[PDB]
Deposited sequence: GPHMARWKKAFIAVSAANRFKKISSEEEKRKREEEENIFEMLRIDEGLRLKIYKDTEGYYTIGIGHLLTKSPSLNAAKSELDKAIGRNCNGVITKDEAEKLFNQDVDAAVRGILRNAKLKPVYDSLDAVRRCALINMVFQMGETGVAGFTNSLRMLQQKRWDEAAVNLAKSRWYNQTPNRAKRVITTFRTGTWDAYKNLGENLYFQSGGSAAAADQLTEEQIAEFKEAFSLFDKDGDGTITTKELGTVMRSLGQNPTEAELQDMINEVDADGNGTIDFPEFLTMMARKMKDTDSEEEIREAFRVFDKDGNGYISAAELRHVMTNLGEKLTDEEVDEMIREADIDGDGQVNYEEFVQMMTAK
């Protein structure tokens, strides 16, 4: 009995980890798309290896491959970054992944730089893109030299920062881009990029129930240290056919990690399982879980489909114990578990 419910809870918990962060991930995807369109306007998106202004081999949205004057060296760095034999050509989606990686690295570099981190932190989401844009162009050290303008940006003196930014060699050497970047700092809007791009862009519980939740928790907490880490959550999500990024996994953890200590303990897991979910019925969660068990969607959980879920979850069971679980849930005797039989098993 416990075996069905422990698996059901774990499967439902996986679904809740995802659902609870889904609005934050929509926001982050939209922000990433915005800065992608921004830098694509300013640096282009090239699918073939090319030479930048300094003569270095680059690809995608200004992704520097090597400073060696060797095309072979460039192709080898490209193949390593992408994970396939590209012969100097990539796809749009590959360039987007490269770009997302360069954005994350730019942010990491910004936050390691004592001159840049306070300004960046103080900026709103659109203005942070302007600062990242400058880092793409000239590097952290170059941007950190803008000492007076950075202070004005930190202090929200938008019009004066804009005046001062325009008095730089940066602006003289590349004024069309600097104008757009400066407008972005000054207004906190995408006005300098919208019209380019034809305006398509930039828009209380029983002892037995507790025991079952603990059992489900242990399928995540595989080392038994009493906590679920980002890495333990990723291991479960992947065995169930998801492929979240590290950042998504970190957001799922953070949203449930009420005491802020970086991992999810059993009390935070219970709280998560008690939460009111947005637009989802209770039948919605049983239906959702049933579809995980019924891999081929024919409306019947077979012994081999159950076998897989149990293996994917790490609920270690013999083939005979899995057959026993089907028989226990089987009411009509066809040797499979249909939806109503599933409902019955979970509601008891």
| property | result |
| --- | --- |
| Regions left out of the model, expressed as runs of the deposited sequence counted from 1 | 1 to 3, 207 to 215, 361 |
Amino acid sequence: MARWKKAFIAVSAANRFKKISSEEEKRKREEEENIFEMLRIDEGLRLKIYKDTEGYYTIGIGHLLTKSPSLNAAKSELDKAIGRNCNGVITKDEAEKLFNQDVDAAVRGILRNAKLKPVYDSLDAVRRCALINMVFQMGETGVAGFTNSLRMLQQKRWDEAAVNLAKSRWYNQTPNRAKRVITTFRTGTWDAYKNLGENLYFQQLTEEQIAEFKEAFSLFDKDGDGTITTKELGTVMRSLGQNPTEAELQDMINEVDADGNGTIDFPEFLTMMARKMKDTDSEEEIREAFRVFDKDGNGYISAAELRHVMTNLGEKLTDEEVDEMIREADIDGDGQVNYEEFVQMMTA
From here on, numbers count along this sequence of modelled residues.
query: Greater mean Cα temperature factor according to the PDB record, 271 to 279 or 188 to 196; finding: 271 to 279
query: 205 to 213 versus 155 to 163 - greater average Cα B-factor per the deposited record; finding: 205 to 213
query: Identity of residue with top Cα B-factor, from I49, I35, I61, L317; finding: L317
query: Maximum C-alpha temperature factor, selected from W170, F99, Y120, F136; finding: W170
query: Relative C-alpha B-factor of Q250, binned into the chain's lowest, middle or highest third; finding: middle
query: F290 by Cα B-factor - lowest, middle or highest third of the modelled chain; finding: middle
query: Lowest, middle or highest third - CA B-factor, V11; finding: lowest
query: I326 CA temperature factor, ranked by third within the chain; finding: lowest
query: Position of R40 among the chain's modelled residues by C-alpha B-factor, lowest, middle or highest third; finding: lowest
